[PDB]
file entry-v2.cif (mmCIF, C-alpha atoms)
data_final
loop_
_atom_site.group_PDB
_atom_site.id
_atom_site.type_symbol
_atom_site.label_atom_id
_atom_site.label_comp_id
_atom_site.auth_asym_id
_atom_site.auth_seq_id
_atom_site.Cartn_x
_atom_site.Cartn_y
_atom_site.Cartn_z
ATOM 1 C CA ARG A 246 44.476 -28.212 20.451
ATOM 2 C CA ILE A 247 42.189 -25.433 19.203
ATOM 3 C CA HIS A 248 38.603 -25.711 20.419
ATOM 4 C CA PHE A 249 35.385 -24.700 18.704
ATOM 5 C CA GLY A 250 31.833 -24.319 19.991
ATOM 6 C CA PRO A 251 28.332 -25.623 19.131
ATOM 7 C CA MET A 252 27.463 -22.913 16.582
ATOM 8 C CA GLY A 253 30.403 -21.690 14.528
ATOM 9 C CA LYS A 254 32.700 -19.648 16.803
ATOM 10 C CA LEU A 255 35.675 -20.272 19.105
ATOM 11 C CA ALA A 256 35.709 -22.133 22.360
ATOM 12 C CA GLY A 257 39.353 -22.351 23.755
ATOM 13 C CA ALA A 258 42.801 -24.024 23.340
ATOM 14 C CA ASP A 259 44.741 -26.880 25.080
ATOM 15 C CA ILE A 260 48.548 -26.435 24.644
ATOM 16 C CA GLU A 261 51.239 -28.857 25.964
ATOM 17 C CA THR A 262 55.024 -28.350 25.948
ATOM 18 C CA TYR A 263 57.741 -30.836 25.034
ATOM 19 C CA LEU A 264 61.337 -29.835 26.023
ATOM 20 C CA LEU A 265 63.033 -26.541 26.940
ATOM 21 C CA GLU A 266 66.704 -25.612 26.707
ATOM 22 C CA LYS A 267 67.434 -25.180 30.429
ATOM 23 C CA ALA A 268 71.041 -26.292 29.777
ATOM 24 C CA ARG A 269 72.094 -23.097 27.939
ATOM 25 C CA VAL A 270 71.544 -20.718 30.904
ATOM 26 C CA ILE A 271 75.131 -21.350 32.124
ATOM 27 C CA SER A 272 77.124 -20.364 28.998
ATOM 28 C CA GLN A 273 75.735 -20.407 25.498
ATOM 29 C CA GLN A 274 77.925 -21.477 22.569
ATOM 30 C CA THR A 275 78.460 -19.141 19.565
ATOM 31 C CA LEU A 276 76.523 -15.891 18.942
ATOM 32 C CA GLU A 277 73.234 -17.233 20.409
ATOM 33 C CA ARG A 278 71.257 -15.197 22.985
ATOM 34 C CA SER A 279 69.602 -16.466 26.178
ATOM 35 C CA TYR A 280 65.846 -16.251 26.814
ATOM 36 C CA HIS A 281 64.287 -13.068 25.278
ATOM 37 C CA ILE A 282 62.363 -12.096 28.429
ATOM 38 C CA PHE A 283 65.659 -11.092 30.090
ATOM 39 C CA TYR A 284 66.914 -8.433 27.664
ATOM 40 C CA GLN A 285 63.506 -6.893 27.584
ATOM 41 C CA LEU A 286 63.394 -6.515 31.408
ATOM 42 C CA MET A 287 66.913 -5.056 31.431
ATOM 43 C CA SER A 288 66.334 -2.280 28.881
ATOM 44 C CA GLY A 289 62.608 -1.386 29.300
ATOM 45 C CA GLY A 290 62.544 -1.258 33.133
ATOM 46 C CA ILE A 291 62.385 2.054 35.008
ATOM 47 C CA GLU A 292 64.699 3.348 37.777
ATOM 48 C CA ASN A 293 62.206 2.324 40.457
ATOM 49 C CA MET B 1 -5.849 -4.806 -20.257
ATOM 50 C CA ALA B 2 -5.402 -4.483 -16.477
ATOM 51 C CA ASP B 3 -5.727 -1.404 -14.281
ATOM 52 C CA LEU B 4 -6.100 -0.793 -10.533
ATOM 53 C CA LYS B 5 -9.371 -1.250 -8.644
ATOM 54 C CA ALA B 6 -10.742 1.130 -5.964
ATOM 55 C CA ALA B 7 -9.592 -1.294 -3.234
ATOM 56 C CA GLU B 8 -6.131 -1.681 -4.784
ATOM 57 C CA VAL B 9 -5.759 2.090 -5.216
ATOM 58 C CA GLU B 10 -6.452 2.424 -1.472
ATOM 59 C CA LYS B 11 -3.796 -0.228 -0.669
ATOM 60 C CA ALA B 12 -1.278 1.617 -2.850
ATOM 61 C CA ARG B 13 -2.206 5.068 -1.441
ATOM 62 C CA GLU B 14 -1.950 4.039 2.248
ATOM 63 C CA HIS B 15 1.484 2.525 1.964
ATOM 64 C CA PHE B 16 2.816 5.380 -0.172
ATOM 65 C CA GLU B 17 1.492 8.026 2.258
ATOM 66 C CA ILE B 18 3.243 6.133 5.057
ATOM 67 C CA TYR B 19 6.518 6.096 3.132
ATOM 68 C CA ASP B 20 6.454 9.953 2.887
ATOM 69 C CA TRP B 21 8.810 10.652 5.689
ATOM 70 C CA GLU B 22 9.856 14.006 4.199
ATOM 71 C CA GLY B 23 6.563 15.785 3.871
ATOM 72 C CA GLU B 24 6.666 16.156 0.045
ATOM 73 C CA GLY B 25 4.936 13.003 -1.226
ATOM 74 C CA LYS B 26 7.953 11.008 -2.586
ATOM 75 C CA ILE B 27 9.708 7.667 -2.293
ATOM 76 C CA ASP B 28 13.327 6.777 -2.770
ATOM 77 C CA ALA B 29 14.414 4.266 -5.394
ATOM 78 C CA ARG B 30 15.958 2.084 -2.633
ATOM 79 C CA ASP B 31 12.706 2.182 -0.645
ATOM 80 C CA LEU B 32 10.906 0.841 -3.724
ATOM 81 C CA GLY B 33 11.954 -2.592 -2.376
ATOM 82 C CA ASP B 34 10.145 -2.955 0.941
ATOM 83 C CA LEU B 35 7.277 -0.764 -0.235
ATOM 84 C CA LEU B 36 6.153 -3.305 -2.896
ATOM 85 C CA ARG B 37 6.899 -6.059 -0.347
ATOM 86 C CA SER B 38 4.431 -4.530 2.145
ATOM 87 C CA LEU B 39 2.070 -4.179 -0.819
ATOM 88 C CA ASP B 40 2.373 -8.000 -0.788
ATOM 89 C CA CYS B 41 3.976 -8.632 -4.116
ATOM 90 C CA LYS B 42 7.061 -10.748 -3.355
ATOM 91 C CA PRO B 43 10.126 -9.712 -5.508
ATOM 92 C CA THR B 44 13.846 -10.146 -5.887
ATOM 93 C CA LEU B 45 16.037 -7.032 -5.745
ATOM 94 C CA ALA B 46 16.504 -7.912 -9.401
ATOM 95 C CA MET B 47 12.731 -7.298 -9.803
ATOM 96 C CA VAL B 48 13.024 -3.980 -7.887
ATOM 97 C CA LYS B 49 15.932 -2.497 -9.940
ATOM 98 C CA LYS B 50 14.285 -3.703 -13.160
ATOM 99 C CA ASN B 51 11.745 -0.930 -12.621
ATOM 100 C CA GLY B 52 14.181 1.776 -11.518
ATOM 101 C CA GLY B 53 15.497 1.061 -8.019
ATOM 102 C CA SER B 54 18.731 1.523 -6.018
ATOM 103 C CA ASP B 55 21.358 -0.361 -3.963
ATOM 104 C CA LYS B 56 22.492 2.935 -2.612
ATOM 105 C CA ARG B 57 20.458 5.555 -0.888
ATOM 106 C CA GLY B 58 20.037 9.051 -2.154
ATOM 107 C CA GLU B 59 19.725 8.370 -5.864
ATOM 108 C CA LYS B 60 16.307 9.039 -7.519
ATOM 109 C CA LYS B 61 12.907 10.030 -6.069
ATOM 110 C CA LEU B 62 9.638 8.656 -7.623
ATOM 111 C CA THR B 63 6.126 10.283 -7.325
ATOM 112 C CA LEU B 64 2.832 8.284 -6.993
ATOM 113 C CA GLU B 65 2.368 9.011 -10.722
ATOM 114 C CA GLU B 66 5.679 7.203 -11.263
ATOM 115 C CA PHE B 67 5.104 4.537 -8.578
ATOM 116 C CA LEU B 68 1.702 3.390 -9.950
ATOM 117 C CA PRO B 69 3.154 2.482 -13.462
ATOM 118 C CA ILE B 70 5.676 0.496 -11.428
ATOM 119 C CA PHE B 71 3.035 -1.377 -9.370
ATOM 120 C CA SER B 72 0.698 -2.001 -12.328
ATOM 121 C CA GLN B 73 3.668 -3.555 -14.175
ATOM 122 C CA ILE B 74 4.699 -5.705 -11.186
ATOM 123 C CA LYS B 75 1.270 -7.396 -10.879
ATOM 124 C CA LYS B 76 1.927 -9.481 -14.078
ATOM 125 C CA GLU B 77 4.327 -12.010 -12.457
ATOM 126 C CA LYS B 78 3.170 -15.569 -12.161
ATOM 127 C CA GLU B 79 6.077 -17.499 -10.582
ATOM 128 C CA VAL B 80 5.703 -16.593 -6.942
ATOM 129 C CA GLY B 81 6.186 -20.051 -5.357
ATOM 130 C CA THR B 82 4.054 -22.617 -3.499
ATOM 131 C CA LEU B 83 4.827 -24.955 -0.550
ATOM 132 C CA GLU B 84 5.577 -28.109 -2.454
ATOM 133 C CA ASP B 85 8.585 -26.844 -4.422
ATOM 134 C CA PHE B 86 10.223 -26.061 -1.084
ATOM 135 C CA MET B 87 9.474 -29.544 0.333
ATOM 136 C CA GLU B 88 10.992 -31.272 -2.716
ATOM 137 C CA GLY B 89 13.894 -28.858 -2.460
ATOM 138 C CA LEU B 90 14.637 -29.204 1.270
ATOM 139 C CA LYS B 91 14.330 -33.006 1.164
ATOM 140 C CA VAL B 92 17.653 -33.156 -0.760
ATOM 141 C CA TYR B 93 19.659 -32.823 2.512
ATOM 142 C CA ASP B 94 18.691 -36.339 3.511
ATOM 143 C CA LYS B 95 21.029 -39.182 3.854
ATOM 144 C CA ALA B 96 18.932 -41.655 5.937
ATOM 145 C CA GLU B 97 15.213 -40.729 5.469
ATOM 146 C CA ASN B 98 14.725 -38.665 8.599
ATOM 147 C CA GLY B 99 13.613 -35.135 7.430
ATOM 148 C CA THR B 100 15.767 -33.768 10.240
ATOM 149 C CA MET B 101 18.339 -30.985 9.980
ATOM 150 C CA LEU B 102 21.371 -30.085 12.036
ATOM 151 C CA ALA B 103 21.730 -26.452 13.098
ATOM 152 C CA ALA B 104 25.098 -25.498 11.565
ATOM 153 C CA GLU B 105 24.194 -27.197 8.279
ATOM 154 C CA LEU B 106 20.952 -25.219 8.272
ATOM 155 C CA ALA B 107 22.462 -21.745 9.051
ATOM 156 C CA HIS B 108 25.053 -22.225 6.306
ATOM 157 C CA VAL B 109 22.525 -22.818 3.486
ATOM 158 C CA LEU B 110 20.779 -19.532 4.453
ATOM 159 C CA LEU B 111 23.972 -17.486 4.346
ATOM 160 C CA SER B 112 25.745 -18.561 1.209
ATOM 161 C CA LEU B 113 24.146 -18.404 -2.259
ATOM 162 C CA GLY B 114 21.377 -16.018 -3.431
ATOM 163 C CA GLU B 115 20.258 -12.542 -2.278
ATOM 164 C CA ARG B 116 21.420 -13.994 1.032
ATOM 165 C CA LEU B 117 20.717 -13.575 4.776
ATOM 166 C CA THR B 118 23.332 -12.294 7.321
ATOM 167 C CA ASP B 119 24.947 -13.760 10.459
ATOM 168 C CA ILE B 120 22.478 -11.581 12.335
ATOM 169 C CA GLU B 121 19.323 -12.859 10.565
ATOM 170 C CA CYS B 122 20.419 -16.447 11.301
ATOM 171 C CA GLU B 123 20.674 -15.588 15.007
ATOM 172 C CA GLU B 124 17.039 -14.358 14.685
ATOM 173 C CA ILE B 125 15.821 -17.418 12.656
ATOM 174 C CA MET B 126 17.188 -19.634 15.425
ATOM 175 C CA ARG B 127 15.517 -17.571 18.204
ATOM 176 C CA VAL B 128 12.116 -19.356 18.220
ATOM 177 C CA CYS B 129 13.804 -22.725 18.845
ATOM 178 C CA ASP B 130 14.603 -23.805 22.382
ATOM 179 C CA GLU B 131 16.028 -26.772 24.211
ATOM 180 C CA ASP B 132 17.191 -29.300 21.562
ATOM 181 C CA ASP B 133 20.830 -30.357 21.731
ATOM 182 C CA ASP B 134 23.429 -31.700 19.283
ATOM 183 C CA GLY B 135 21.104 -30.290 17.494
ATOM 184 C CA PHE B 136 18.158 -30.952 15.194
ATOM 185 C CA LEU B 137 15.420 -29.020 13.438
ATOM 186 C CA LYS B 138 12.848 -30.617 11.052
ATOM 187 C CA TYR B 139 11.832 -29.694 7.479
ATOM 188 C CA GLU B 140 8.009 -29.760 7.724
ATOM 189 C CA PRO B 141 7.276 -27.419 10.783
ATOM 190 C CA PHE B 142 10.009 -25.109 9.485
ATOM 191 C CA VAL B 143 8.514 -24.413 6.035
ATOM 192 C CA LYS B 144 4.953 -24.192 7.350
ATOM 193 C CA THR B 145 5.902 -21.466 9.858
ATOM 194 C CA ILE B 146 7.668 -19.498 7.098
ATOM 195 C CA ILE B 147 4.489 -19.487 4.963
ATOM 196 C CA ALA B 148 2.307 -18.866 8.060
ATOM 197 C CA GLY B 149 4.295 -15.708 8.868
ATOM 198 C CA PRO B 150 5.175 -13.928 12.206
ATOM 199 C CA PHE B 151 1.882 -14.553 14.023
ATOM 200 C CA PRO B 152 0.266 -17.926 13.040
ATOM 201 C CA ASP B 153 -1.612 -18.719 16.278
ATOM 202 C CA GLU B 154 1.175 -17.922 18.774
ATOM 203 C CA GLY B 155 3.525 -15.036 17.940
ATOM 204 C CA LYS B 156 6.487 -13.367 19.647
#

call {"tool": "encode", "arguments": {"input": "entry-v2.cif", "output": "structure tokens"}}
result
Amino acid sequence: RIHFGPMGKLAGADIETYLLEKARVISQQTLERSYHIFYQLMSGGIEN
Amino acid sequence: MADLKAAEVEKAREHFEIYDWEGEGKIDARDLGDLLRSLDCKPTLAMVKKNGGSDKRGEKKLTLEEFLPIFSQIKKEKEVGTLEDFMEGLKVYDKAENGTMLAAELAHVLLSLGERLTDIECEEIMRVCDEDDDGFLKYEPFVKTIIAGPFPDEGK
């Protein structure tokens, strides 16, 4: 839900969420990947 | 025929001598716009370019000897406008016989067709108004302040 002000310009946004695949985290079926955030943290993260 | 009176020649000289920012006695073809406007003839940019004027800056320079055969042509125009055309015009908004006008609906008409005003000028046109919500101006005090100018009785 995108929100707009009195005169013209933007005021904010209300976003809900329906489901998530929490089931997959154990073993995914074929050629899928698990949640993107992971791979990112693995490769980009420094030695520290 | 028509030609310029001693008083008019002084009005034209004063304003021209002000517009000499360079120190050489000349005006730009762009500056032809607001110069005539201060001289109190009200034109379109169409009227300005019609007598040799510019969108751009840095195009042609005109002397007073050029400028006066501009001004003495300009004086011929009759259709300047009154109040009552604008009343008739701005009444068309109505839907319920109230003469009242919502703020968005009123900025939009200023922006959209014509020579046009900017976002910025609309922020300034709103500035005088204060403390009316959801959110109504009115056609009669509006037009009258436009014709009255920047300092009617009050003025900020």

call {"tool": "closest_atom_pairs", "arguments": {"input": "entry-v2.cif", "of": "chain A", "to": "chain B", "cutoff": "10 Å", "atoms": "all atoms listed in the file", "output": "JSON lines"}}
result
{"residue": "A:251", "atom": "CA", "partner": "B:134", "partner_atom": "CA", "distance": 7.8}
{"residue": "A:252", "atom": "CA", "partner": "B:104", "partner_atom": "CA", "distance": 6.1}
{"residue": "A:253", "atom": "CA", "partner": "B:104", "partner_atom": "CA", "distance": 7.2}

call {"tool": "residues_around", "arguments": {"input": "entry-v2.cif", "residues": "residue 62 (chain B)", "least_positions_apart": "6", "cutoff": "9 Å", "atoms": "only C-alpha atoms", "output": "MDAnalysis selection string"}}
result
chainID B and resid 26:29 32

call {"tool": "atom_distance", "arguments": {"input": "entry-v2.cif", "atom1": "CA of residue 153 (chain B)", "atom2": "CA of residue 98 (chain B)"}}
result
26.9 Å

call {"tool": "resolve_selection", "arguments": {"input": "entry-v2.cif", "expression": "the PyMOL selection byres ((chain A and resi 261-269) around 12)", "output": "PDB file with C-alpha atoms, keeping the file's coordinate frame"}}
result
ATOM      1  CA  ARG A 246      44.476 -28.212  20.451  1.00  0.00           C
ATOM      2  CA  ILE A 247      42.189 -25.433  19.203  1.00  0.00           C
ATOM      3  CA  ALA A 258      42.801 -24.024  23.340  1.00  0.00           C
ATOM      4  CA  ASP A 259      44.741 -26.880  25.080  1.00  0.00           C
ATOM      5  CA  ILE A 260      48.548 -26.435  24.644  1.00  0.00           C
ATOM      6  CA  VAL A 270      71.544 -20.718  30.904  1.00  0.00           C
ATOM      7  CA  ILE A 271      75.131 -21.350  32.124  1.00  0.00           C
ATOM      8  CA  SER A 272      77.124 -20.364  28.998  1.00  0.00           C
ATOM      9  CA  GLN A 273      75.735 -20.407  25.498  1.00  0.00           C
ATOM     10  CA  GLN A 274      77.925 -21.477  22.569  1.00  0.00           C
ATOM     11  CA  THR A 275      78.460 -19.141  19.565  1.00  0.00           C
ATOM     12  CA  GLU A 277      73.234 -17.233  20.409  1.00  0.00           C
ATOM     13  CA  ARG A 278      71.257 -15.197  22.985  1.00  0.00           C
ATOM     14  CA  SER A 279      69.602 -16.466  26.178  1.00  0.00           C
ATOM     15  CA  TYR A 280      65.846 -16.251  26.814  1.00  0.00           C
TER      16      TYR A 280
END

call {"tool": "closest_residue", "arguments": {"input": "entry-v2.cif", "among": "B:76, B:91, B:156, B:13", "to": "residue 64 (chain B)", "atoms": "all atoms listed in the file"}}
result
B:13

call {"tool": "residues_around", "arguments": {"input": "entry-v2.cif", "residues": "residue 101 (chain B)", "least_positions_apart": "3", "cutoff": "6 Å", "atoms": "all atoms listed in the file", "output": "PyMOL selection string"}}
result
chain B and resi 136-138

call {"tool": "closest_residue", "arguments": {"input": "entry-v2.cif", "among": "B:128, B:74, B:24, B:63", "to": "residue 36 (chain B)", "atoms": "all atoms listed in the file"}}
result
B:74

call {"tool": "atom_distance", "arguments": {"input": "entry-v2.cif", "atom1": "CA of residue 67 (chain B)", "atom2": "CA of residue 52 (chain B)"}}
result
9.9 Å

call {"tool": "resolve_selection", "arguments": {"input": "entry-v2.cif", "expression": "the PyMOL selection byres ((chain B and resi 54) around 10)", "output": "number ranges by chain"}}
result
B: 28-33, 45, 48-53, 55-60

call {"tool": "residues_around", "arguments": {"input": "entry-v2.cif", "residues": "region 142-148 of chain B", "least_positions_apart": "3", "cutoff": "12 Å", "atoms": "all atoms listed in the file", "output": "ChimeraX atom specification"}}
result
/B:81-91,99-101,106,125-126,128-129,136-139,151-155
